[PDB]
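Taking it in order: structure first as structure tokens, then the write-up.
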Amino acid sequence: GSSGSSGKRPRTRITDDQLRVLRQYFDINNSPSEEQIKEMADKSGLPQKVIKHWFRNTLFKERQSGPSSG
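Per PDB author numbering, residue 1 is the first one in the sequence shown, and the count goes up by one each step.
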């Protein structure tokens, strides 16, 4: 190939069964509340740092504003 494989994120990794839990809430409320971040952290098993960040890294993206051509 060219390099081999992209490796930035830590060993940990979120699954479709866990992400879905973070996505579903996305609709209801952009970002989870100190209360939701906890209730979820247990529902899925992810920490409060992973969930919070995810919402950001993801949300921030949606906030992006690109021009239209075509």
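Positions of the beta carbon are idealized from the N, C-alpha and C atoms, including for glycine.
For residue i and residue j, I'd like the C-alpha separation in whole angstroms.
{"i": "residue 17", "j": "residue 48", "result": "17 Å"}
{"i": "residue 4", "j": "residue 11", "result": "17 Å"}
{"i": "residue 19", "j": "residue 38", "result": "15 Å"}
{"i": "residue 40", "j": "residue 61", "result": "22 Å"}
According to DSSP, simplified to helix, strand and coil, what is residue i?
{"i": "residue 24", "result": "helix"}
{"i": "residue 30", "result": "coil"}
{"i": "residue 64", "result": "coil"}
Could you check which residue in the options has the C-alpha nearest to that of residue i?
{"i": "residue 15", "options": "36, 33, 54", "result": "54"}
*So does the region 62 to 70 actually touch the region 38 to 53, counting three or more Cβ pairs closer than 8 Å?*
no
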